[PDB]
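A.B. asks: as they sit in the full assembly, here are the leading chains:
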Amino acid sequence: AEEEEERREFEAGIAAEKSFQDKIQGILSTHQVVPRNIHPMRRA
Amino acid sequence: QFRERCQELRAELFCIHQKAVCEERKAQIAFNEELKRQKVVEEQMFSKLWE
Amino acid sequence: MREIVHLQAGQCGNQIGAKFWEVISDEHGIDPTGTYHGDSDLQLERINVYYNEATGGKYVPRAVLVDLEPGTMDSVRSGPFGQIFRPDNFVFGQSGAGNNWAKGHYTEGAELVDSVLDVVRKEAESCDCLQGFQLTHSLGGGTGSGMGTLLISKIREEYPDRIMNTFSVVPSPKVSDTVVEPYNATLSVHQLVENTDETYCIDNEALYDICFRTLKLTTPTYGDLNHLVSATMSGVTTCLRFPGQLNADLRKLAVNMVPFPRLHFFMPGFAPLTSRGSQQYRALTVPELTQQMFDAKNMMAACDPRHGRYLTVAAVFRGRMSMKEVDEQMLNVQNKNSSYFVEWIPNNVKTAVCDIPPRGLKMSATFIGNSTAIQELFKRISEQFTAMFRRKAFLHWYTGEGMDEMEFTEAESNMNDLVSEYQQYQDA
Amino acid sequence: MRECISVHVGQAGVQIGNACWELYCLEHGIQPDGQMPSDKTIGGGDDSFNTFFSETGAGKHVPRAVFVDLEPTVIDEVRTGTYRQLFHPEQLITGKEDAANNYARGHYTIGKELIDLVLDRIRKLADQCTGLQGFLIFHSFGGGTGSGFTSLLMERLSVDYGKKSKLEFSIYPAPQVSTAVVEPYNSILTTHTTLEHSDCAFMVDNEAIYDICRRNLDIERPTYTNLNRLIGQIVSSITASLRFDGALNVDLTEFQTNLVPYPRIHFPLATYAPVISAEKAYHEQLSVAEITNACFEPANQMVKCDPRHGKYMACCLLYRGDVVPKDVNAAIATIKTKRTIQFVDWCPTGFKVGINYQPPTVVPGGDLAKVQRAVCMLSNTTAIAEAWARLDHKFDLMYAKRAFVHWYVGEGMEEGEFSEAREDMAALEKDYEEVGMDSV
């Protein structure tokens, strides 16, 4: 039982790693900008 | 929080800024060429009046 | 139950507190809006240590945040967290300290002190019994150094038995920011060796070198460096927050450290700091790789053991660990290296084990070390205080501010008394 | 809530200010009506104009400027220029008759009649301020209202205000080129009243700006549009730590702690590192370390003094744009290892850095291009001692043959202030000689 708990924890670690990398790829790929941060005449 | 902690976001933001500033420098280059043409035609009008 | 009241001081003080109140708010499972969110009941049972219950089941922290310029203080209100702070506990001046210790000790900042100590009693009278306060600051500028000494010596009188910690940021020569840097941190050690129970030495040069050579990052900005390094050593007090097999809280660990009451200067460090890539290849046992740290590539201060002798060493661990492999690995490390330890103490190491690791880690460990090699930092900041004071380089922003020329010659001999006490036990 | 009043004097003060208030309006959204444009802005939430503007009940803003002249013609163009609707109509204080290149007339006879009006109007912008930091004198050294009338502000602004940090930006007369022949009389007699009465005093000759324009850029034949556009960038980069957030906020107070060794030594230099043409800007990288070693050059220092002569006393750095706080601490590694750049013996650390986020804009029709990184480097050199030794040899050739003095005597000025002012700058000139001597 203890050995299988070690295997389960390692598999949960690699799964959370895959999810984290999918998140960083999504954040890099799709981008949004807050309006208050744009120079005033540059907004439209 | 995740956006601030992240690191490849702060990597790619530089490329965003640098491509933007290259395009806007190209716009300023076209404006400078326009101003040079304006001073050329002003000189030609003074040449006409000297004649 | 055993309360801690957090103090911050300076722009460096408020970018440590905004990153320290993030790590601990992940341990106890608190939302940014301030409610409770976690899964185990073991988290919430010791929440009355750093926090305070508000109405509706909210939880707010007890932190008194200072600066003399309001520009820093707004930026904490709009961060990742920071809506959980009570808005009454923010105090700030109107005009800055001028990056001047004398301005921030006598004339510009002493108007603020009677508002800052006045919040501190309100977070003291609600307590059961305080272990003691905790101040995070920097020895660079006037809002963190001059206020930091004036805060400490105004507290240590009125609340003497309760202990005091501080987290200094000493300057470094090869990474230096201000011309006044050796002219402040020589004059404020004098007011810090008198009224502090336990001090640390966390300098920015060492935190750069472990960030390009251990963690192997590319752009270490001040948010990505303060969080992963120096806002997580302050989570050494999980003994005082979580139950363990052999535990040792913040007060039990001070008595095993200071063998004379004027030598309290430490050099911390965190044990798993591998990389983004080398986390895949290493072994999370209890090894001796970062656990024989003598090759000092992973030390959080500048100076290291090769040049001097360790007086006393700590090690506070965190994880479901075995207490044999704690102890035989205090036997590969005291004999395979042999002469860097004090001769007249045969068991220098105080250990402790607790039972909740940080998030995402099976295993973690914290190293706190005292050494006689720390006197080479205190000579070296007094070499650049003797040189500049010889020709009276930047003097006249200090003589006109109520401080005379006698208070420099006190803080040069007393700065060189600490060099004298530490050099006694160099080899003996 | 960090106000900062800028007060300009003279023909150099006005025409720098026209380039200066072109740039300030263009950073924020102030169009020359003063109303920020309506784009159905729900939030707004910008309070970055508050250092240099005041918000009215309407959409307008008013600048803090006090434009002062004794010559009515150059202040008449800002009265009927495109900025006619921006400045409050009383802030453009004019004179009644010109000063005409006399320090005596500029300080005693014709400059004293106007000044009772202006010093009321500085109160009308002082009370509106809440946490006012310090002023900005923009003045010259050649003419009467630049040399003598500014000598009379400093003797009364000091006793009326005191602990406000005054800064100035003079235009020193060149060692070789000149416009006027009477100006070395003005330039010695203005030191004795601004040695004691200006807190920190930046100072830029118009030769290296006249040189760096023809050499770094691919342009020849500039006028005062192209000089004052360059100086107007420096005044924005110093103050920009008050306007926009960054990693390390160096306000106006903390410069003078980290830059002045002794109270009689407060004359630093100034530079601007990534000045480049827009045809030229995209050819080369402008990195963090390419804009510092190309800033410690002797060819791009804005005053005609060579810093390989004296030894450096104190240095301050003001980065701007996308600058990490790492690579400013590795650029210093390249500087201090060299043998060319000597620091003084009693100053081991010798630096003061500062980072700010918002990158510079460009004015439309402006010579210098847009960048990502930019830095202004304020240094305090010993080698400024030779910018006066080149001057007082042009003052003894005046005074020992006793020429051009008959104008100055009958105004209300006696001869005793000549030989007093010559020895007074000779007291200052000896003081730079002793701090560069190594102490063993």
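C.D. replies: In hand now; what should we look at? Numbering: from 1, shown residues only, chains lettered A, B, ... in the order given.
A.B. asks: which bits of the stretch 51-200 of chain C sit near chain D?
C.D. replies: Among all residues of the stretch 51-200 of chain C, those adjacent to chain D (criterion: C-beta under 8 Å from any C-beta of the partner chain) are C:69-72, C:75, C:94-96, C:98-100, C:173-182. The way it works is simple: take the backbone N, C-alpha and C, and place the C-beta from them, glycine included.
A.B. asks: and for chain A?
C.D. replies: Counting by C-beta under 8 Å from any C-beta, the residues of chain A near chain D are A:35-36, A:39-41, A:43-44.
A.B. asks: which ones among these map onto strands?
C.D. replies: If you go by DSSP state E, these have nothing in strands.
A.B. asks: from these, pick the one nearest residue C:1.
C.D. replies: In terms of C-beta to C-beta, no member of these lies closer to residue C:1 than residue A:36, at 43.8 Å.
A.B. asks: how far away is that closest one from residue D:46?
C.D. replies: Going from residue A:36 to residue D:46 by C-beta to C-beta, to the nearest Å gives 7 Å.
A.B. asks: repeat that for residue C:214.
C.D. replies: As for residue C:214, its distance to residue D:46 is 42 Å (criterion: C-beta to C-beta).
A.B. asks: near chain B, which residues of chain A? Just list them.
C.D. replies: Applying C-beta under 8 Å from any C-beta, we find that chain A lies next to chain B at A:23-24, A:27-28, A:31.
A.B. asks: re the thing from before, most surrounded residue in the residues of chain A next to chain D?
C.D. replies: Tallying neighbours with other C-beta atoms under 10 Å in any protein chain shown puts residue A:40 at the head of these, with 18 neighbours.
A.B. asks: need the contact list for the closest residue in space to it that isn't next to it in sequence.
C.D. replies: Nearest-residue entry for residue A:40: residue D:29, 3.1 Å, with adjacent residues in sequence omitted and distances by C-beta to C-beta, 6 or more residues apart in numbering or on different chains. Taking C-beta atoms under 8 Å, 6 or more residues apart in numbering or on different chains as the definition of contact, the neighbours of residue D:29 are A:39-41, D:36-37.
A.B. asks: same question for residue D:286.
C.D. replies: The contact partners of residue D:286, by C-beta under 8 Å, 6+ apart, come to D:274, D:276, D:371-373.
A.B. asks: let's bring in chain E now:
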Amino acid sequence: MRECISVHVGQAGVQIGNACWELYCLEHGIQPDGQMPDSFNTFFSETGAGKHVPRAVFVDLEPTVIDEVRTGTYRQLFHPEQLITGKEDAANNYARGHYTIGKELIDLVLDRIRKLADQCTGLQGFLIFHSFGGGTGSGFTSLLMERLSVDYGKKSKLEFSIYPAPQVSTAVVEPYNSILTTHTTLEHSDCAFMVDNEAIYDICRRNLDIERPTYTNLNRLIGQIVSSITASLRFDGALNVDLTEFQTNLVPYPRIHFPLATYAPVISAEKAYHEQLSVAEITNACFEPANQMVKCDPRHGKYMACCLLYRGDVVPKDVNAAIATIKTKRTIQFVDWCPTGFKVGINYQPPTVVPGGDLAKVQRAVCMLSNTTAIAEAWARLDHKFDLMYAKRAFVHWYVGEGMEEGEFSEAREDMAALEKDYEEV
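C.D. replies: One more piece, chain E, placed on the ones above:
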């Protein structure tokens, strides 16, 4: 991070510059806007977003040949600030090149080179060429040698000189500057070798059928020489050797360094129909002296030191069978103390092909190097024909009138005779 700087001085040097930079512009495909359609990082340096800059200098003291460079196709491929021009022409005059005119732009050139020194981290060699024939070549390069040496000392500065022929020349009082340059190249450069190349006249029509060439058809092959020397550094190989590792093996006596050999298959498409090329066979063709690029002969000389550059389909089997079979025959006389006489460098990527040149497409190629005493007879012939004009004192007044003496003229020759007395015993 393995930088090398390249120099195109001289009218013959910019007629290399066409060729050497055409082959650098086809080793990696370089568009003339600096964006490609990390092996390039010797030469180039990426800008902010997307442009590359070559840190190579055309250093000529007349604006005419520089404005011909700018009116060439590669307008924005070469960035014009690096390239040195001078407002007043030096015109053979070492005095005007060195003292009077050059002193006002010497701080500008040093500002430029300390501006790109921040990019120059891991520099492997400042490769320099120059002709001796004028103030384009001699004086200002010489003053850069002394001032860069007293600015760093340690960095790699190398030079592969160009020399006048005995028969033909452009200027004929040019041996003054040749004697002066033989005196002044010994001081502050790590290396000074063979782009003296009179024999490329012989080679360009001997072997590749293009009679009526220019200097450019010659200087294709000078560029191909450059490719074989520095390509081992630029690309990964089996037994690659870089330029600092070159300098730590090339130089027996620290003032005695001057070899002679060629790039071996200088062969056109007409011979390339039929000649089955092998590493052994092309080096068999190469070891014949008559196809050199230094006008000298080591068949009757002593084959002292060597080096070898190999590119393409090279096998250690092939190179070692060739080494053995030509080591056997005493039709090549070998040398006394040094037994073997070969050193090897290996390149994967075969050299690129530029149109409008002499050569043709190759699967593989070989070279050699053979540092002998065969420059002793050439300097003896220059000794034979310099003294005719210094007997009766030609042209000295034009030199003298701006800031020099007859002392430098009376010192440089005796220093060259000191180098010949270094050379005569080995």
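A.B. asks: could you re-examine the contacts of residue D:286 with chain E now present?
C.D. replies: Contacts were defined as C-beta under 8 Å, 6+ apart; by that measure residue D:286 touches D:274, D:276, D:371-373, E:48.
A.B. asks: what about residue 7, how many neighbours?
C.D. replies: Went with chain A since none was named. For residue A:7, the neighbour count with other C-beta under 10 Å is 9.
A.B. asks: if you could check chain D rather than the one you did, that'd help
C.D. replies: The burial count assigned to residue D:7 is 24, neighbours taken as other C-beta under 10 Å.
A.B. asks: now residue C:218
C.D. replies: Summarising burial for residue C:218: neighbours were counted as other C-beta under 10 Å, giving 13.
A.B. asks: pretty sure it sits in a helix.
C.D. replies: No: when DSSP: H, G, I helix; E, B strand; the rest coil is applied, residue C:218 is found to be coil, with no helix at that position.
A.B. asks: pretty sure it is touching residue B:7, no?
C.D. replies: Yes: the pair residue C:218 and residue B:7 passes the contact test of C-beta atoms under 8 Å, sitting 7.3 Å apart.
A.B. asks: and residue D:366, how close does it get to residue B:35?
C.D. replies: Distance, residue D:366 to residue B:35, by C-beta to C-beta: 11 Å.
A.B. asks: of these two, who's got more company?
C.D. replies: Set side by side, residue D:366 and residue B:35 give different neighbour counts by other C-beta under 10 Å, the larger being at residue D:366 (23 against 11).
A.B. asks: ranges for the strands of chain C?
C.D. replies: Counting by DSSP E, the strands of chain C are C:3-8, C:51-53, C:59-61, C:63-64, C:130-136, C:163-168, C:198-201, C:266-270, C:310-318, C:349-354, C:364-371.
A.B. asks: tabulate the ones you listed (CSV), appending mean neighbour count.
C.D. replies: Formatted as CSV, the entries for the strands of chain C read as follows, by neighbours: other C-beta atoms under 10 Å in any protein chain shown:
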stretch, mean neighbour count
strand C:3-8, 24
strand C:51-53, 16
strand C:59-61, 19
strand C:63-64, 24
strand C:130-136, 23
strand C:163-168, 22
strand C:198-201, 20
strand C:266-270, 22
strand C:310-318, 22
strand C:349-354, 20
strand C:364-371, 22
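A.B. asks: out of those strands, which gets nearest to chain A?
C.D. replies: Nearest of the strands of chain C to chain A, taken as C-beta to the nearest C-beta: strand C:364-371 at 14.9 Å.
A.B. asks: onto the same structure, chain F please:
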Amino acid sequence: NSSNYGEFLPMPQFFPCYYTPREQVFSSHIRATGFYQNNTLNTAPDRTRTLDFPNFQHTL
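C.D. replies: Following on from the chains above, chain F is added here:
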């Protein structure tokens, strides 16, 4: 030449891409009235270092 200093019209092309201003909407709200100061009667509950309300039963 004094009419150069306002002539041309600003484009959206000639502005910085970022704008990070300093907001004072939070700081002015606590500048407006003074910070907290005790003006109260002291009320601390009677604390004890170890014993909180003990039963002594079985004593005589």
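A.B. asks: can you check the contacts of residue D:286 again with chain F included?
C.D. replies: Residue D:286 neighbours (C-beta under 8 Å, 6+ apart): D:274, D:276, D:371-373, E:48.
A.B. asks: try 7 Å
C.D. replies: The contact partners of residue D:286, taken as C-beta atoms under 7 Å, 6 or more residues apart in numbering or on different chains, are D:274, D:371, D:373, E:48.
A.B. asks: okay if I get these as a markdown table plus distance to residue C:228 and secondary structure?
C.D. replies: Written out in a markdown table, the entries for the contacts of residue D:286 read as follows (distance: C-beta to C-beta, whole Å; DSSP: H, G, I helix; E, B strand; the rest coil):
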| residue | distance to residue C:228 | secondary structure |
| --- | --- | --- |
| D:274 | 33 | coil |
| D:371 | 32 | coil |
| D:373 | 26 | strand |
| E:48 | 29 | coil |
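A.B. asks: write out the residues of chain B neighbouring chain E.
C.D. replies: Taking C-beta under 7 Å from any C-beta of the partner chain as the test, the list of chain B residues beside chain E reads B:18-19, B:22.
A.B. asks: give me the buried entries from these.
C.D. replies: Among the residues of chain B next to chain E, those scoring as buried are residue B:22 (criterion: 16 or more other C-beta atoms under 10 Å in any protein chain shown).
A.B. asks: return the subset of the residues of chain B next to chain E lying in helices.
C.D. replies: In helices, judged by DSSP state H, the following of the residues of chain B next to chain E are found: B:18-19, B:22.
A.B. asks: of those, which is the nearest to residue C:149?
C.D. replies: Of all those, the one with the least separation from residue C:149 (C-beta to C-beta) is residue B:18, at 45.3 Å.
A.B. asks: skipping adjacent residues, who's closest to that closest one in space?
C.D. replies: Closest residue to residue B:18 in three dimensions, ignoring its sequence neighbours and counting by C-beta to C-beta, 6+ apart: residue E:49, at 3.8 Å.
A.B. asks: now residue 18: which helix or strand?
C.D. replies: Chain wasn't specified; assuming chain A. helix A:2-29 (DSSP states H and E).
A.B. asks: could you say what helices and strands that helix packs with?
C.D. replies: Under the contact criterion of 3 or more C-beta pairs under 7 Å, 6 or more residues apart in numbering or on different chains; DSSP states H and E, helix A:2-29 touches helix B:8-50.
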